């Protein structure tokens, strides 16, 4: 029901794919969409603010483009700075236990590339393992990701169908 979408794109105005995906949620009740590079242009994160928002939602969605098979660096900094002892883990660290955790990621390469025998050799499930392990450690339930391939070169209509598929997935109950 209550879904926090944390979008991590260095320039959401120049973005093509993630911008389109984000647009489909600007009116869905229950959705809190945020543009983190926009809110923290100097990457100085308000830890308590972030923590408090996670607390108030039932599902947390990390949305980003696939950059070198990982995320943009602000998400990495977000994990490091926000997920603290006594909050996310550790003795009292139980604030996220029970909440849902999912990744929505767009990739330039085709789906064919992400498999054994394909040009990138590994399935997306393999590449996203740091995020799944993060989920595992902090007590959240790891949901299947939303993945969009051929991002940027897939075509006008394909992108539109991709966007509507993104919306259904993010709102889907599992």
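Residue numbers count along the first chain shown, from 1.
In this crystal structure, the stretch out of 5-13 and 18-26 whose C-alpha atoms carry the higher mean B factor is 18-26. When the C-alpha B-factors of 140-148 and 28-36 are averaged, 28-36 comes out higher. Ranked against the other modelled residues of its chain, the C-alpha B-factor of residue 78 as given in the entry falls in the lowest third. When the modelled residues of the chain are ordered by C-alpha B-factor, residue 88 sits in the middle third. Per the deposited record, the Cα B-factor of residue 50 falls in the lowest third when ranked against the other modelled residues of its chain.
The entry lists a Cα temperature factor for residue 58 that places it in the middle third of the chain's modelled residues. In this PDB entry, the Cα temperature factor of residue 115 sits in the top third of its chain's modelled residues, the highest group.
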